[PDB]
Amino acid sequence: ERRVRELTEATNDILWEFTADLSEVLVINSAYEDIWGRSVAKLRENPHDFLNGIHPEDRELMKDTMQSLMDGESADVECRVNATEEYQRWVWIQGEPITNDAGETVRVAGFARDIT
């Protein structure tokens, strides 16, 4: 059923990864620009910039998401994005923690898919 879904519309997921303190973007692809309505260049210079593209109500859900990741759990959230389009896009985000030698979450990584 997944393949047939993919025939109907080619997948174009955002692939992302940040350091856990959001000091840097480690992975971001060009799909980010159309969906978020913001530049990858700006994100690299300020890794917190993606938050400005998230509806202000879903911004606090993101705090809960980061906390889950820091507790070593995977997370799965849906939120409204793209400030230029009055946040009319919905995105499905799934993230996982990448840990250091001591089991601490030091990077967070996943995908984001435009689900309308």
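Note that residue numbering follows the sequence shown and begins at 1.
For the pair 59-67 and 86-94, the record assigns the higher mean C-alpha temperature factor to 59-67. For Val77, the recorded CA B-factor ranks within the middle third of the chain. Only modelled residues enter the ranking.
For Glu17, the recorded CA B-factor ranks within the lowest third of the chain. Only modelled residues enter the ranking. For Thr99, the recorded CA temperature factor ranks within the middle third of the chain's modelled residues. In this PDB entry, the Cα temperature factor of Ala10 sits in the top third of its chain's modelled residues, the highest group. Ranked by C-alpha B-factor against the other modelled residues of its chain, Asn46 falls in the highest third.
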